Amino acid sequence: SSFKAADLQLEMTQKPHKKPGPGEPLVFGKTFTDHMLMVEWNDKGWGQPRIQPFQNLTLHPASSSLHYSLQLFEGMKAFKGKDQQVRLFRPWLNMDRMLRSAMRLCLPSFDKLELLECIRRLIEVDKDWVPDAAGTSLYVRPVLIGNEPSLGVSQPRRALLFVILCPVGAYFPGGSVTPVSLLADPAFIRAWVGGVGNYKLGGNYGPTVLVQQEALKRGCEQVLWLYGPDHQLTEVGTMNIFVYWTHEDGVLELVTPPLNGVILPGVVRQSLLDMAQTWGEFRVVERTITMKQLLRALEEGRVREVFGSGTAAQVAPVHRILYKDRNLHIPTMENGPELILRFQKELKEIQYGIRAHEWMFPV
């Protein structure tokens, strides 16, 4: 069955925290708001959802979330427009992805719309926390963990779903659009076909920390994840990858890797594909990309822009790739970056309510 937002229990905070003021640099996922959403499950079902003050979790030492990684998360943003209204970006897609992640880990189902409604209520209570400055937003983090106090590797009979909010400035300092360099090393695999790399589970991120440190040691900010013996490009860091070029057939196109089990189905990824298809100015395609194909197109000058996508960065340009000890300059910045700046402009218009669109969910 499921919990209902109409059953929502409200417990307002006693002691409010100090909201940061603008002019104070907002570091990603570090400052939290006053309230949190909390919903408990056991085998007789879901309990009553509650908005309560932000507090620590009390977990039994044998909780399956801490031993066997029965944990998943989501990430979406709420934006404050010039008309002072708070809106969420395509939250239905996040609700679908979360449900899919829960099912893969044998965590309990919930109703997508009820969760969305409770998240909405949570943002309404903490509304004054959504910043009004340029390029800032409220990052919403829903989490669902297994909470069975047992060391057996089995389906949990206890679970906990919580949501925390944090003001974020994203960070491209004053709009910036500064590029990043990537380390492409085949020795490091993020995900395998028949694995879980296409789900937003906690277990796929922990192993990436060391690889990220190895990229920094070699002079790169992020990792270009390769898969297979033909070195297919999959993701940049924990962002979806896009290449804008003139393909081998002489046609100008925007290509992203297709949804096999190795790519996380990004909400910004889908949005970029939909938006570009709507224009109809160039070919928009999901197709595999190999290092061999990229190397060749670079030597031929057929590549215009390479970039990453995700909720945190929105669109992140790429200017350098380190591959098999060789440096590869990607002319993204020297080419405007024209497409990137365009995507950025149109998203901002939809996100901040400058232009009305059905992608925004009002709070």
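Note that residue numbering begins at 1 and tracks the sequence as displayed.
Colleague: Test of understanding: from the entry's C-alpha B-factors, which stretch has the higher mean, 23-31 or 51-59?
Modeller: Of 51-59 and 23-31, the stretch with the higher C-alpha B-factor average is 23-31.
Colleague: Could you check which stretch, 337-345 or 10-18, carries the larger mean CA temperature factor in the entry?
Modeller: It is 10-18.
Colleague: In this PDB entry, which of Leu224, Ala170, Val143, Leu165 has the top CA B-factor?
Modeller: The C-alpha B-factor peaks, among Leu224, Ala170, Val143, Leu165, at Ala170.
Colleague: Tell me which of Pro257, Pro108, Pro207, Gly219 tops the list for C-alpha B factor in the record.
Modeller: The listed residue with the largest C-alpha B-factor is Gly219.
Colleague: Check where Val193 lands among this chain's C-alpha B-factors and tell me if it's the lowest, middle or highest third.
Modeller: Middle third of the chain for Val193's C-alpha B-factor.
Colleague: Is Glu248 in the lowest, middle or highest third of its chain when residues are ranked by C-alpha B-factor?
Modeller: As the PDB entry reports it, the C-alpha B-factor of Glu248 lands in the highest third of its chain.
Colleague: Lowest, middle or highest third: where is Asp96 by C-alpha B factor in its chain?
Modeller: As the PDB entry reports it, the C-alpha B-factor of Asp96 lands in the middle third of its chain.
Colleague: Looking at the entry's B-factor column for C-alpha atoms only, identify whether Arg320 ranks in the lowest, middle or highest third of its chain.
Modeller: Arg320: CA B-factor falls in the lowest third of its chain.
Colleague: Among the chain's modelled residues, which third holds the C-alpha B-factor of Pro149?
Modeller: Answer is middle: the recorded C-alpha B-factor places it there.
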